[PDB]
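Structural overview
Listed below, chain by chain, are the residues.
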Amino acid sequence: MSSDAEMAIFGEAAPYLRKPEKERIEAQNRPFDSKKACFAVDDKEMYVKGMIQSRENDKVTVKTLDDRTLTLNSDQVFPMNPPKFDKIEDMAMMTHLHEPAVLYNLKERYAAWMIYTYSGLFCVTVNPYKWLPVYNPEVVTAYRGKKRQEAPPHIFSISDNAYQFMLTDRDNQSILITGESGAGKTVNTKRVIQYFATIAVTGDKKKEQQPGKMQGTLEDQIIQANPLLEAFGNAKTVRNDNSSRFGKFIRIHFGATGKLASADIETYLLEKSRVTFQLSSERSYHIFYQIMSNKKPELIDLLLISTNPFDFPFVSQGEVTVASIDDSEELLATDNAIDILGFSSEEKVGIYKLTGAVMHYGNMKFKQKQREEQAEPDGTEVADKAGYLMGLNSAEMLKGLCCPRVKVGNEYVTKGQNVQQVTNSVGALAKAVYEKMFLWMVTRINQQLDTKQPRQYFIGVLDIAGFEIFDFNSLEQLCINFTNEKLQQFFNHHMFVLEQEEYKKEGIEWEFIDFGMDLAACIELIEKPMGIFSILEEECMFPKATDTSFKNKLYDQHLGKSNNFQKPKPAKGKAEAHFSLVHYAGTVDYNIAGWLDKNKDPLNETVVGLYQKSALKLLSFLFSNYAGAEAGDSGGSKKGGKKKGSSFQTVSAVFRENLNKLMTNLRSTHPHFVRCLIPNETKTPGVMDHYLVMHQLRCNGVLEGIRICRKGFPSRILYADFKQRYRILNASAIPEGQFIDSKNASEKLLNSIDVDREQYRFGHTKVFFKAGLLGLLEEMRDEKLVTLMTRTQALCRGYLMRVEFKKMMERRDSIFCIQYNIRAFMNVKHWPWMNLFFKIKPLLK
Amino acid sequence: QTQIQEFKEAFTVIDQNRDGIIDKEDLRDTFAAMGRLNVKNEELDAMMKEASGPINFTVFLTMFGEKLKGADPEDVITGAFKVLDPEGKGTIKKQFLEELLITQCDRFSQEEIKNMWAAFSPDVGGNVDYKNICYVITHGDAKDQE
Amino acid sequence: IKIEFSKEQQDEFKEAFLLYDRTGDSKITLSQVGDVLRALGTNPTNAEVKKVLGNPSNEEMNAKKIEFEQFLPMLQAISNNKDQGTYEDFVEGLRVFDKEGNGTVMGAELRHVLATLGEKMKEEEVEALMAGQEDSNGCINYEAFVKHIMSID
Amino acid sequence: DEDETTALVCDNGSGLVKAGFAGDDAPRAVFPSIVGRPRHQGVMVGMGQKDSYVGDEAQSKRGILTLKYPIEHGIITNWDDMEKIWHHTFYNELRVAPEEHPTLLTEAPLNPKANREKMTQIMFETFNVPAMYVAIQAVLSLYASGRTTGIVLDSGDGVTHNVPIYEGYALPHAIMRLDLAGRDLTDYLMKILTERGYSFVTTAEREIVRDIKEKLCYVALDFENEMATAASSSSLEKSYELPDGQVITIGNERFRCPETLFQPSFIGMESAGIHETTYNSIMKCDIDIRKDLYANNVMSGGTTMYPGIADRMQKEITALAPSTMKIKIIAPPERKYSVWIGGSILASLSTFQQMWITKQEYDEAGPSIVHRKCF
Amino acid sequence: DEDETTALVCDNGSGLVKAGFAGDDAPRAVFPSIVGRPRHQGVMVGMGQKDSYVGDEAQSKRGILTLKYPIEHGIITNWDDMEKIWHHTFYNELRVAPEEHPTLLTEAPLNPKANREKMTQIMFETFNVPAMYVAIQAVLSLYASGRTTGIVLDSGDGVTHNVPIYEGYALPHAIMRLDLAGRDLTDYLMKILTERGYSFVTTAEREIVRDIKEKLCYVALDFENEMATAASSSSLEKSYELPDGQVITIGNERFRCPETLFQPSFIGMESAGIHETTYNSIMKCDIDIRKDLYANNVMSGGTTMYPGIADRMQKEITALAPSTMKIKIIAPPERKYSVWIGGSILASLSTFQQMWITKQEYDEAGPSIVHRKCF
Ligand SMILES: Nc1ncnc2c1ncn2[C@@H]1O[C@H](COP(=O)(O)OP(=O)(O)O)[C@@H](O)[C@H]1O
Ligand SMILES: Nc1ncnc2c1ncn2[C@@H]1O[C@H](COP(=O)(O)OP(=O)(O)O)[C@@H](O)[C@H]1O
């Protein structure tokens, strides 16, 4: 019955979604006046709500819900959202965006045991630490085969509607997912996977059926893979004990019409730089440590090594180990992991050995103490072993390392090699082998993953970590910020299109530009020619140039030139950084240690040439990609990089490469965005750490989110809607009736209100409201609401008095007689005649 | 014509003077039957002087005129009181009644109320009985009660 | 501008009230004094508008009838009194079933415990002089009636 | 579609054009710079030859052809011939439609401004490049090397220079010129061999002897000692087959011909040998710097490719120079393409990218715009 | 957070700025006072030089660069150039933020009030020093010394003064000027070396002679005899290595140069040479005090660093002064930084701290405040 609620309040599926009718009803009319009640900035908590005693000038005097009087600042006070707002689903709806408003709403819901909120497109769900019935299959019944509007936020929705969409719209779709540990990020993946399972079978459409061979279902197909791959990838950054090194696009595709054809995996992002080097409380990928431990010892011997991570420089650069780990056990596990995915141990031997080969290449010295300039190998210990594992000729290999020979129309000798250079090839070597192995592995899963079932259109999923800010930002960070930016711009553009469409449709005038664009100046600074990136790269070329020279270049180009480009001042101590940027983003400061040095990618042709021979795996990897073929110099490319003049290409060029590729796809498909959170450090329900979320929001960009919303005319309603509630504010005689034509009356209220036109516009169907008009409106009804109350009470009072009245009048005449007659008496009793007359009468017969 | 024709009688019995005027001896002589004394000079005549010549009944009426001025019937009075008494014949509550005269509208004085009390204003049960008070005064009194 | 009739009509209602108080005119009854004849305006209007500092009682002052004369008109002349139609909308907000029933207690307690109150007897009495019954009571009806004033015809 | 394009870097050599795509480690194209038609032009039955392509074709074609070098001594004298050549580079060798690519041209030292301009007008008007640059060959080579500081000995085809450089600065005044280089030396070997009684006059023969110059020759540890040794010399008598099949002997000749660089007097140039010109170049600079210059002597050009050149370079300087001084001779291993690589750096230099001349600039200012304030 | 801060003591020298923090024994930062840019300015392939750092760089930089000295003769002629130097000291060398520290600058003898005034405004407006003082360089030197009575001979870079002090008071009238100091000597030495057939005109060549003056030069026991000995002298000939690698021998010049201080006639100064001026100064003072002056006179400044200076000076002085009268010559061990130290103290004078000039004073009075009724 009445209430904004459906089906069954009580039933358990409801409670995360619903709120019970009673709870809602109590919620909506708690006390509220906008005027005092507000938010004040609190040093510790973040913000706090409080109320205003007094005003004059810039300083305002205030009392808090810790009820001391501070005198804050005029701006510094934050107006709260009106009562109408509370318990609100979609924060955007909130008329007053303010952060303590932000705390209040989601905070309030969550304690409620309401996890989910809808923010515009976004569907936010908080982590109830406690178990919640939501998951039930009874609830599922409620969901499936329904539209998303129809129910409050839930996975089965997103899984379903998209499933439908793919069929109707006949397009791939995408979802992204964020979540740190304690998101519940993993479960939802389980949940969604099954979801695919549920419909993928369902159909209404026929797609090629077979009785089947099997090998495990998708979902398991993926899961089996995980542990090993994350053994080898995955690691502990100084921050993050277990943070995946890599970015996973896990592709589940379906047929046109929503059959599942099958799945495949693509991987991108390997910072190999870890491999050599680790800084501080950090270490390499798990495996290195693992191998060295004594699960494995047959393997260690194949390696020909003494198990002790200390012993070798390649390993030794950072710390030996981390808590909380056990390299050995993880070794046992990983060997197990390798089995489960189910290859064929020779390849294992195989995959081990060659990663191992890397290590040996780690051994060999560089010298022939640079006769005179050239560096030549020292020991040929490793080169032979090297030679052997590959089966390539050590006389050759050594030579190939010593002095690579290369080709052109004529072949040249790549003199090329130096003492300094060479090592920056051994490591690169290591990184390459590993990655080629990784890649070759992946394709294999696809062969397996290849199911029966056909596919046109897939949905799914992107995982890579959120925007980060560090005490010490660096090449890693800036890239991430770079990636986020364009992404965010991508988002801005998308909705910009839609709104104006809507505005056009209604026919209310739009003057704006794509929301993304405002940012563009910033990103451009990074991206475009003479950008920080570009400039850095060519600086790479000059053999001569140094940090400073790079420093001046940026300075000359940008400093002061853009507001964007700014710099940290020395403080005490505290920090040193070369310069700072202001991305959309909020500002960021970066520092140098590494980057040009970190930069240097050089390809060594002859090694690749040499490598082509002998051991079967090696030939394959080095020769090229898996079965397939390529092209040449005809018809390409853009100044794609190709060589870069000599010395192969740097990172920045490839970064351009990847991102462009990423963008190409994303804009291909219809985005949806989910953000999962963890409420506060100590894990309790209800609970809201004001600081944490706030930081989250800006990083989330959700606040940004909100900012765009400012840009246009947020609140929208039908006129008919507008009239019904509001009229009580300004009444007229004529009956609400539908007597008052919606158009006329609402015209009448507005103007008689004397809002300026600027605030709103009509509207065949809708009236377009700006910020705040509603805030005015709501407030006034609030004040209105009270007064009539008192006036009714006035009425009741009159009722009393009026009723008294007749009784009163009635008494008056009775009284009047009383007074005079007795008074008549007072004289009479004395006056002689009166007495006599009375006596005389009875005398009469 | 009641009352005055009624009076007319009262005047004539005593009269027998000539012609119909009730002059000093009439008054004194009435008393004898009456049969209470009667200050036979003076007082009786002073009674005359409120009037300007011999009376003659008509002036007897006119002299009276103050008497007419306040007084409503008999009936109507009861009447006014009745409005007072939610209950029965029971009748008017004492404590109500004092309060209604004394502090209320045209105030009875401290004494003024008292005179009434002292006359006692027949009452019993710690209350009042109006009808017997009217029996004395308005009815004129023609008793009360032995 | 009033006008003999009129103010004079106001006078004798006034006259009696004086007569009650003993015989002179408080100040205080004021609101009631010409609530009786018709303007709704309520305590805070009364209190400031002239009774005494809102006239908790005696014996702070005394009006008197004539001074009171112009009060009745100006302290009148607004208009926003209140009004059966407007009330309903107020009533309705509570009504919540739109049934034009309430919910009788809810109800008395609303106007009681809300806005200014509003004593219990007064509430209880009015509703059933007003005579609309409990399941559930047209708060709109009650208001519509009570507004209209108690007689009607 | 993001943006940005290649650069056509063709190094106009007095004998070889090398042309390439920017960002290439080395040129895709190297072919001779000659123009030449059948000298006899027999007629025949039919045609189907290309009159004066000279191309690569000429080389295999030896005996038939005449030769001409429009760019004979490094400056393009003949625009008509030159147009022939560039056309060849674009369409034939590179096969690349010029209009698409901004093209960087190299140019000789002391190319007349007019000369530079005539080049421009042709590129825009003839080839219809969207854009182009002209650059300096010596300058290009320095770029490839990446030496800020030190003095360079860049002996090429037909010129030899010593350029002391301090913080990227060629010091104009220091620079010494040498007429002598490969083209000359090539003749010298020719003439000397004829001394034996062999006759190598012809064009065909010149090509031949050049081949012998580049295979066989070397420079001595000590000229005088080597000569004396020559009498007992078992080694020198190395033999060379001719395409006709006859086999000739050389080996006194092997060293004598190169000795010319050191003692240019052989041919009859008064000029100082490179070793002393080097010394003179350094002296021309200020004292304080010279220490560095001794430290970094870098060799350049094709005619500095003779083995043991550096060791000898080492000894000679040591001989001239002060007791304490540190002397280092550094030579890049594929030094000859130092000029192209050279342009490659500059050409695919995207910060610098404005530096390319554009059509509008050509239109507004003229070709001279290339000349006058940029390259 | 007790309360009290440092003082930035910058000492503006005619050839060297010395600067550091007060309360330190010696200037942390000492760098050439010059301004200089590529005279030739070649161009090259790029950039990353600074237009007129001079600073430290220049000296290594010798051969490329030019010098200017804004503060050439001790008074700051060029403000714009001046501003940059202060920037360099603060930011580049000292790496301090001017905002945080009160700063003490020192100025030359006969510096105009206007000059102080320009200085002052630059400090406050440009730099944002909280506080500022301007110190009298000789005075600072006096401070550093510690001696109340006696008479001082300060010869640094470019002026040499004799200054009697009695009870802390520099008797103004007494004080003597000689333009000659050691810039001149540097100049003189260039001349003399040239006569041999050596040449040192240039800027680089300037520095070199200075090195030679400072390492080699000495003052003779007796000038006349010294010349006499030279002929058979065999020590005199010591050798110096030029950066060029060539080696000069410096026989007589070593003493010849400093002789000038004693005999100004060498350069062409009419001036009385140092000893005479000293004497002239004392006699200028009252007879009685002179006893004290004689006993305490006192060497300062870079140009008093020559070994042999003191012993001679007494020999000369005693000759001039009367029989019985007692003479002492005193020289502080690290005399040259005597100016910086003296400032270092008085900037660092906490008790005195009220002296320092404030932003408010600057606003109210103007910069003039520092000038008038204080420093
Ligand atoms: N290995 C070599 N040994 C000796 N001379 C060589 C060698 N390779 C090339 N040359 C010569 O170098 C000259 C070309 O050098 P280069 O630097 O390209 O000249 P330029 O730039 O003046 O055209 C030709 O005379 C050629 O014969
Ligand atoms: N050891 C030394 N022997 C001789 N002259 C010296 C010595 N050290 C410094 N000088 C000279 O002293 C001069 C600098 O002295 P200084 O007192 O700082 O001068 P000013 O204060 O006038 O700038 C320079 O001419 C310098 O060459």
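Within every chain, numbering proceeds from 1 in written sequence order, not necessarily in step with the numbering of the entry, and residues without coordinates do not appear. As a convention, the first chain written is A and the first ligand written is 1, with the rest following in written order. Based on all heavy atoms of the structure, the side-chain values leave hydrogens and waters out of the count.

Method information in the entry identifies cryo-EM as the source of the structure, with 5.2 Å recorded as the resolution.

Focus on the overall build of chain D
Inclusion rule: Strands are runs of DSSP state E lasting at least two residues, helices are runs of H or I lasting at least four, and both sets are numbered from the N terminus onward. C-alpha atoms define the radius of gyration, and 2.2 Å times the number of residues to the power 0.38 defines the globule rule. Only heavy atoms enter the contact rule, under which two residues are in contact if any of them lie within 4.5 Å. What sets the accessible areas is the Shrake-Rupley method with a 1.4 Å probe; for residues, cover comes only from the shown protein chains.
Counting secondary structure elements, chain D contains 14 helices and 14 strands. Relative to the globule expectation of 21 Å for 375 residues, the C-alpha radius of gyration of chain D, 22 Å, shows essentially globular dimensions. C-alpha extents for chain D along the principal axes are approximately 70 × 65 × 35 Å. Contacts in chain D between residues far apart in sequence, at least 24 positions, make up 66% of those at least 6 positions apart. In the form shown here, chain D has an accessible surface area of approximately 17300 Å², with 50% of it arising from carbon and sulfur atoms.

Remarks on the sheet that holds strand 16 (residues 674-676) of chain A
All names here are of chain A. In plain terms, the rule: In this analysis, strands are considered paired if DSSP registers two or more bridges between them. Note on geometry: axes are C-alpha line fits, over the in-contact stretch for helices, and angles between N-to-C directions span 0 to 180 degrees.
Read across the open sheet, the 3 strands follow the order 6-7-16; overall the sheet is mixed. In the strand order of this sheet, the two ends are held by strand 6 (116-119) and strand 16, each with one partner. For this sheet, the mean inter-axis angle between neighbouring strands, taken without regard to orientation, is 20°. In the sheet, strand 7 (residues 122-125) pairs with strand 16 via 3 bridges, with the strands oriented parallel. Looking at the pairing, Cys-123 lines up with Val-674 of strand 16.

Things to note about the site of ligand 1
Residues and elements named next belong to chain D. Spelled out, the test is: Here a residue is considered near a molecule or strand provided that any single heavy atom belonging to it is located within 4 Å of it. In the analysis that follows, any N or O atom pair within 3.5 Å is treated as a polar contact, provided that within protein one partner can donate a hydrogen and the other can accept it, and provided that, for residues neighboring in sequence, both atoms belong to side chains. Amino acids are sorted into nonpolar (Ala, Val, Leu, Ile, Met, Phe, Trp, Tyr, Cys and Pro), charged (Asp, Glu, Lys and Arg) and polar (every other residue, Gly among them).
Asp-157, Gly-182, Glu-214, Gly-302 and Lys-336 are the nearest of the 13 residues found near ligand 1. In this structure, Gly-302 approaches ligand 1 through a main-chain N or O atom, which is 3.0 Å from an oxygen atom. Within the contact set of ligand 1, an oxygen atom lies 3.4 Å away from a side-chain nitrogen or oxygen of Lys-336. Out of a free accessible area of 580 Å², ligand 1 has 83% covered by protein chains. Among the residues making up the shell around ligand 1, the classes are represented as 2 nonpolar, 7 polar and 4 charged.

Examining the packing of helix 5 (residues 84-95) of chain C against helix 8 (residues 139-148) of chain C
Residue and element names in this part refer to chain C. Quick note on the threshold: Should an angle lie under 35 degrees it is considered roughly parallel, over 145 roughly antiparallel, and from 65 to 115 roughly perpendicular; all remaining angles are considered oblique. If you view the pair so one helix is near and one far, a crossing is left-handed when the near helix is turned anticlockwise from the far one by less than a right angle, and right-handed when it is turned clockwise.
At their nearest, the axes of helix 5 and helix 8 sit 8 Å apart, and the two run at 155° to each other. Considering the angle they form, helix 5 stands roughly antiparallel to helix 8. In the packing of helix 5 onto helix 8, the handedness of the crossing is right-handed. Listed contacts from helix 8 to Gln-84, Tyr-87, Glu-88, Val-91 and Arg-95 of helix 5 are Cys-139, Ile-140, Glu-143, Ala-144, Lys-147 and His-148.

Quick look at the sheet that holds strand 1 (residues 38-42) of chain A
Two orientations exist for strands paired in a sheet by backbone hydrogen bonds: parallel and antiparallel. Residue and element names in this part refer to chain A. Judged by pairing direction, the sheet is antiparallel, and its 5 strands sit side by side in the order 4-3-2-1-5 without closing on themselves. Strands with a single pairing partner mark the edges of an open sheet, and in this sheet they are strand 4 (69-73) and strand 5 (77-79). In this sheet, neighbouring strand axes are inclined to one another by 50° on average, regardless of whether the strands run parallel or antiparallel. Note: strand 3 (residues 59-64) against strand 4, 5 bridges, orientation antiparallel. Across the sheet, residue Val-62 finds its bridge partner in strand 4, namely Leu-70.

Considering the nonpolar core
Put simply, the rule reads: Within this scheme, the nonpolar core is defined by two criteria: the residues are buried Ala, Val, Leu, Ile, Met, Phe, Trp, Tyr or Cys, and they are joined through side-chain atoms within 4.5 Å. Only protein chains enter the accessibility calculation, which uses a 1.4 Å probe; a residue is then buried when its area is under 20% of its type maximum, exposed when over 50%, and partly exposed in between.
Grouped together as the largest cluster of nonpolar side chains are 82 residues, with contacts concentrated most on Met-94, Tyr-143, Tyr-163, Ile-252, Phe-254 and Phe-288 of chain A. Ranked by residue count, the leading element in this core is helix 3 (residues 99-111) of chain A, at 6 residues. Dropping the residues within four chain positions of it, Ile-252 of chain A is found in contact with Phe-196, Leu-218, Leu-260, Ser-262, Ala-263, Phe-458 and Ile-459 of chain A. Judged by nonpolar contacts, the second largest core, of 43 residues, contains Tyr-166, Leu-180, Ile-309 and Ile-317 of chain D.

What to know about the packing of helix 4 (residues 137-145) of chain E against helix 12 (residues 338-347) of chain E
Residue and element names in this part refer to chain E. Following both chains from N to C, one finds helix 4 and helix 12 inclined at 80°, their axes separated by 6 Å at the closest point. The angle between helix 4 and helix 12 places the two elements in the roughly perpendicular class. Residues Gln-137, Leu-140, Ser-141, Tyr-143 and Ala-144 of helix 4 form the contact with helix 12, whose participating residues are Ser-338, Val-339, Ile-341, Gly-342, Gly-343, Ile-345 and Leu-346. Residue composition of the contact of helix 4 with helix 12, grouped by class: 7 nonpolar, 5 polar and no charged.

With respect to the pattern of salt bridges
Convention followed: Salt bridge, as used here: a side-chain nitrogen of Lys or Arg that lies within 4 Å of a carboxyl oxygen of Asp or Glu.
Scanning the entire structure with this criterion turns up 69 salt bridges over all chains. With a shortest N-O distance of 3.4 Å, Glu-346 of chain A and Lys-617 of chain A are connected by a salt bridge. Placement of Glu-346 of chain A in helix 13 (residues 345-363) and of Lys-617 of chain A in helix 23 (residues 616-623) is noted, with a sequence separation of 271 residues between them. Three or more residues are tied together by salt bridges with common partners; here these are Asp-222, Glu-259, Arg-312, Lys-315 and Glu-316 of chain D.

A look at the interface of chain A and chain E
Worth spelling out the cut-off: By convention, the term buried area covers the 1.4 Å-probe accessible surface removed from two parts as they join, with the contributions of both added.
Taken together, the contacts link 4 residues of chain A with 7 residues of chain E. Buried area between chain A and chain E, summed over both chains or domains, comes out near 340 Å², and the portion from carbon and sulfur atoms is 45%. Of all residues in chain A, the largest losses of buried area upon contact with chain E belong to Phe-542, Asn-552 and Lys-569 of chain A, amounting jointly to 75% of the total for that side. Our enumeration of links across chain A and chain E arrives at 1 salt bridge. The residue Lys-569 of chain A makes a salt bridge to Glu-99 of chain E at a minimum N-O spacing of 2.9 Å. Applying the counting rule to chain A against chain E returns 2 residue pairs in polar contact. Classifying every residue of the side of chain A that touches chain E by side-chain character gives 1 nonpolar, 2 polar and 1 charged.

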